[PDB]
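What follows is a short report on a single structure.
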Amino acid sequence: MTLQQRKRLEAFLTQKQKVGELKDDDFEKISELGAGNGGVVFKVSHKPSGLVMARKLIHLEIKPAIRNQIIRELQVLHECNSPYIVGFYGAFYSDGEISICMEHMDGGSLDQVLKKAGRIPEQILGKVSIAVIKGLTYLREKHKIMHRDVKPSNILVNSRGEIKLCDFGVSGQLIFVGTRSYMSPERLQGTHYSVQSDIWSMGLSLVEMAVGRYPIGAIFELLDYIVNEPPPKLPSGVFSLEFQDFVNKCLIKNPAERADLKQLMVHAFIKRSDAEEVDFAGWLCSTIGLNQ
Ligand SMILES: CC1(C)CNC(=O)c2sc(Nc3ccc(I)cc3F)c(C(=O)N[C@@H]3CCCNC3)c2C1
Ligand SMILES: Nc1ncnc2c1ncn2[C@@H]1O[C@H](COP(=O)(O)OP(=O)(O)NP(=O)(O)O)[C@@H](O)[C@H]1O
Ligand SMILES: [Mg+2]
């Protein structure tokens with residue numbers, strides 16, 4: 001950690017304390033940040049602190065004993081404190097819906113950023129990759145947590161140039177209803193799986209952000225393709241050989257021959273990217289623009 005990262009984390013944990021138990025009454029809606037797989041996210045104001053938060057509403061049908069164990073397992077999120085993880089405020093049940101309250105990220109997700117930028121430059125994706133790896137490393141080492149839901153909508157960014165992971169499961173399992181999938185071939189097979197599965201998800205997400213589009217290229221037809229056909233790749237000529245090799249190594253279908261976190265962190269793409277002074281914050285703020 002840099003001193004500034006060390007300090008930014010300090011700064012967050014103090015006003016987190018300036019927050020008591022959370023209740024539906026204490027929240028005031030500002031705007032809607034989006035929705036997804038059965039979750040609605042709202043930009044909220046928490047009046048007792050006056051703090052801006054993001055509040056996710058999860059309609060989990062049926063309580064009672066099952067809902068109170070969910071909230072108690074969610075309490076580990078208080079201990080997840082990293083410059084590569086989104087800050088947690090608290091969680092409760094209300095009106096048949098679990099609410100997870102977290103740090104508000106003003107740049108939104110890289111899914112939203114991509115939709116704006118068209119495609120995200122390779123040098124920026126180096127900064128994103130370093131952050132994702134470090135966040136996945138942190139979750140593994142400090143909490144023995146695997147993410148299980150790496151994708152562009154779960155990598156959040158802000159006007160301070162921070163890149164953070166969110167929506168990592170903490171309740172066990174509890175682990176295709178949509179049109180796209182970031183699940184590895186081995187996860188689709190029902191096979192046992194590990195953090196190698198998150199590496200595939202990261203690799204796929206990177207190719208989506210580099211080219212501007214989900215790269216595979218009906219839901220069950222798509223899943224069959226992931227399982228049975230060659231992995232996606234970057235186009236040649238427009239991306240560095242080492243970036244191509246980096247995603248290729250993330251996208252090897254055998255999770256055991258696929259690169260691991262340790263290997264990727266010393267990979268030539270990561271080595272090069274880490275030494276590059278790239279103004280990511282300026283890129284992001286110039287790309288999204290300012291509220292006017
Ligand atoms: C059901 C759940 C509350 C179990 N507890 C769980 O363990 C979680 S945790 C968690 N998200 C989460 C994780 C970390 C941070 I920082 C912020 C977060 F919002 C989530 C979460 O949102 N899951 C969504 C439910 C809708 C469909 N997609 C998966 C969960 C799931
Ligand atoms: N802390 C946050 N700050 C800003 N935006 C957020 C935050 N959390 C979630 N969002 C946005 O809310 C939208 C919907 O989030 P979500 O319900 O997590 O959908 P999803 O990420 O596509 N699916 P999943 O993460 O699997 O539940 C996304 O576009 C996010 O960018
Ligand atoms: Mg999400």
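Chains: A, B, ... in order of the structure tokens. Residues: from 1 per chain. Ligands: from 1, in order shown.
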> Which residues sit within 9 Å of ligand 2, counting only C-alpha atoms and all ligand atoms, listed as a count of residues only?
Replying inline: 47
Distance table requested - stretch 89-149 of chain A against stretch 181-203 of chain A, cut-off 12 Å, only C-alpha atoms: one row per qualifying residue with the closest atom pair and its distance in Å to one decimal, ordered by chain and rising residue number, as JSON lines.
```
{"residue": "A:125", "atom": "CA", "partner": "A:203", "partner_atom": "CA", "distance": 10.9}
{"residue": "A:126", "atom": "CA", "partner": "A:203", "partner_atom": "CA", "distance": 11.9}
{"residue": "A:128", "atom": "CA", "partner": "A:202", "partner_atom": "CA", "distance": 9.8}
{"residue": "A:129", "atom": "CA", "partner": "A:202", "partner_atom": "CA", "distance": 7.9}
{"residue": "A:130", "atom": "CA", "partner": "A:202", "partner_atom": "CA", "distance": 11.0}
{"residue": "A:131", "atom": "CA", "partner": "A:202", "partner_atom": "CA", "distance": 11.0}
{"residue": "A:132", "atom": "CA", "partner": "A:202", "partner_atom": "CA", "distance": 7.6}
{"residue": "A:133", "atom": "CA", "partner": "A:199", "partner_atom": "CA", "distance": 8.4}
{"residue": "A:134", "atom": "CA", "partner": "A:199", "partner_atom": "CA", "distance": 11.8}
{"residue": "A:135", "atom": "CA", "partner": "A:198", "partner_atom": "CA", "distance": 11.2}
{"residue": "A:136", "atom": "CA", "partner": "A:195", "partner_atom": "CA", "distance": 8.0}
{"residue": "A:137", "atom": "CA", "partner": "A:195", "partner_atom": "CA", "distance": 9.3}
{"residue": "A:138", "atom": "CA", "partner": "A:195", "partner_atom": "CA", "distance": 11.9}
{"residue": "A:139", "atom": "CA", "partner": "A:195", "partner_atom": "CA", "distance": 10.1}
{"residue": "A:140", "atom": "CA", "partner": "A:195", "partner_atom": "CA", "distance": 8.2}
{"residue": "A:141", "atom": "CA", "partner": "A:195", "partner_atom": "CA", "distance": 11.5}
{"residue": "A:144", "atom": "CA", "partner": "A:195", "partner_atom": "CA", "distance": 10.1}
{"residue": "A:145", "atom": "CA", "partner": "A:195", "partner_atom": "CA", "distance": 8.9}
{"residue": "A:146", "atom": "CA", "partner": "A:195", "partner_atom": "CA", "distance": 5.8}
{"residue": "A:147", "atom": "CA", "partner": "A:198", "partner_atom": "CA", "distance": 6.7}
{"residue": "A:148", "atom": "CA", "partner": "A:198", "partner_atom": "CA", "distance": 6.1}
{"residue": "A:149", "atom": "CA", "partner": "A:198", "partner_atom": "CA", "distance": 7.4}
```
Would you save the residues from that selection as a CSV table (one decimal), in the first residue's frame, using N, CA and C atoms?
```
chain,number,residue,atom,x,y,z
A,125,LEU,N,-6.5,-0.7,-19.0
A,125,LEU,CA,-6.8,-2.1,-18.6
A,125,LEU,C,-5.6,-2.7,-17.9
A,126,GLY,N,-4.4,-2.2,-18.0
A,126,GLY,CA,-3.3,-2.6,-17.2
A,126,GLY,C,-3.5,-2.2,-15.8
A,128,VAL,N,-6.5,-1.5,-14.4
A,128,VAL,CA,-7.7,-2.3,-14.0
A,128,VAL,C,-7.3,-3.7,-13.6
A,129,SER,N,-6.3,-4.4,-14.4
A,129,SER,CA,-5.9,-5.7,-14.1
A,129,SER,C,-5.1,-5.9,-12.8
A,130,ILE,N,-4.2,-4.9,-12.6
A,130,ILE,CA,-3.4,-4.9,-11.4
A,130,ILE,C,-4.4,-4.7,-10.2
A,131,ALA,N,-5.3,-3.9,-10.3
A,131,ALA,CA,-6.4,-3.7,-9.2
A,131,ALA,C,-7.2,-4.9,-9.0
A,132,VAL,N,-7.7,-5.5,-10.1
A,132,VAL,CA,-8.5,-6.7,-9.9
A,132,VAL,C,-7.7,-7.9,-9.3
A,133,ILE,N,-6.5,-8.1,-9.8
A,133,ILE,CA,-5.6,-9.1,-9.2
A,133,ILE,C,-5.4,-8.9,-7.7
A,134,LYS,N,-5.1,-7.6,-7.4
A,134,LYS,CA,-4.7,-7.3,-6.0
A,134,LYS,C,-6.0,-7.5,-5.1
A,135,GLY,N,-7.1,-7.1,-5.6
A,135,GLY,CA,-8.4,-7.3,-4.9
A,135,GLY,C,-8.8,-8.7,-4.7
A,136,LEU,N,-8.5,-9.6,-5.7
A,136,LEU,CA,-8.7,-11.0,-5.6
A,136,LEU,C,-7.7,-11.7,-4.7
A,137,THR,N,-6.5,-11.2,-4.7
A,137,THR,CA,-5.4,-11.6,-3.8
A,137,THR,C,-5.8,-11.3,-2.3
A,138,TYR,N,-6.3,-10.1,-2.1
A,138,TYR,CA,-6.7,-9.6,-0.8
A,138,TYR,C,-7.8,-10.5,-0.2
A,139,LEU,N,-8.8,-10.7,-1.0
A,139,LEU,CA,-10.0,-11.5,-0.6
A,139,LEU,C,-9.6,-13.0,-0.2
A,140,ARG,N,-8.6,-13.5,-1.0
A,140,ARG,CA,-8.1,-14.9,-0.7
A,140,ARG,C,-7.3,-15.0,0.5
A,141,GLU,N,-6.2,-14.1,0.6
A,141,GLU,CA,-5.3,-14.2,1.7
A,141,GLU,C,-5.8,-13.8,3.1
A,144,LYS,N,-9.9,-15.7,3.0
A,144,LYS,CA,-10.2,-17.0,2.3
A,144,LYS,C,-11.5,-16.9,1.5
A,145,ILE,N,-11.8,-15.7,0.9
A,145,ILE,CA,-13.0,-15.5,0.1
A,145,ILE,C,-12.6,-15.6,-1.4
A,146,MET,N,-13.4,-16.3,-2.2
A,146,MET,CA,-13.3,-16.2,-3.6
A,146,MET,C,-14.5,-15.4,-4.0
A,147,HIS,N,-14.3,-14.6,-5.1
A,147,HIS,CA,-15.3,-13.6,-5.5
A,147,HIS,C,-16.6,-14.3,-6.1
A,148,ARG,N,-16.4,-15.1,-7.2
A,148,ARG,CA,-17.5,-15.8,-7.8
A,148,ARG,C,-18.4,-15.0,-8.8
A,149,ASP,N,-18.1,-13.7,-8.8
A,149,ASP,CA,-19.0,-12.8,-9.7
A,149,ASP,C,-18.2,-11.7,-10.3
```
>> Here is a test: counting only C-alpha atoms and all ligand atoms, which residue of A:165, A:99, A:255, A:231 is nearest to ligand 3?
In response: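 Checking each candidate against ligand 3, we get A:165 as the closest.
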> So which bits of stretch 18-114 of chain A end up strand (DSSP E or B) when you DSSP the backbone, as number ranges by chain?
Replying inline: A: 27-35, 39-46, 51-58, 85, 88-94, 97-103, 108-109
> Between atom CA of residue A:122 and atom CA of residue A:238, what is the spacing in Å?
Replying inline: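 About the pair atom CA of residue A:238 and atom CA of residue A:122: they are 9.5 Å apart.
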> atom CA of residue A:232 to atom CA of residue A:259: how many Å, to one decimal?
Replying inline: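 Going from atom CA of residue A:232 over to atom CA of residue A:259, I get 15.8 Å.
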> Near stretch 69-72 of chain A, counting only C-alpha atoms, which residues have an atom at most 12 Å away, once you skip same-chain residues fewer than 4 positions from it, shown as a ChimeraX atom specification?
Replying inline: /A:58,60,63-65,76-78,90-94,97-101,169-174
> stretch 68-209 of chain A: which residues are alpha helix (DSSP H) by DSSP, as a ChimeraX atom specification?
Replying inline: /A:68-73,110-117,122-143,185-188,196-209
> Using only C-alpha atoms and all ligand atoms, which of the listed residues (A:45, A:96, A:164, A:11) sits closest to ligand 3?
Replying inline: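 Ranking A:45, A:96, A:164, A:11 by distance to ligand 3, first place goes to A:164.
Of the listed residues A:236, A:4, A:81, A:15, the one whose atoms come nearest to ligand 1 is A:81, with distances taken using only C-alpha atoms and all ligand atoms.
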> Which value, in Å to one decimal, gives the distance between atom 5 (N, counted along the ligand's line) of ligand 1 and atom CA of residue A:227?
Replying inline: 27.6 Å
>> Using only C-alpha atoms, can you tell me which of A:242, A:209, A:281, A:17 comes closest to residue A:117?
In response: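 Selected residue with least distance to residue A:117: A:209.
By chain and then residue number, the residues within 12 Å of residue A:229 are residues 185, 216, 217, 221, 222, 223, 224, 251, 252 and 253 of chain A, counting only C-alpha atoms and disregarding those fewer than 5 positions away in sequence.
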>> Under the rule that only C-alpha atoms and all ligand atoms are counted, which of A:49, A:75, A:31, A:240 is the nearest residue to ligand 1?
In response: A:75
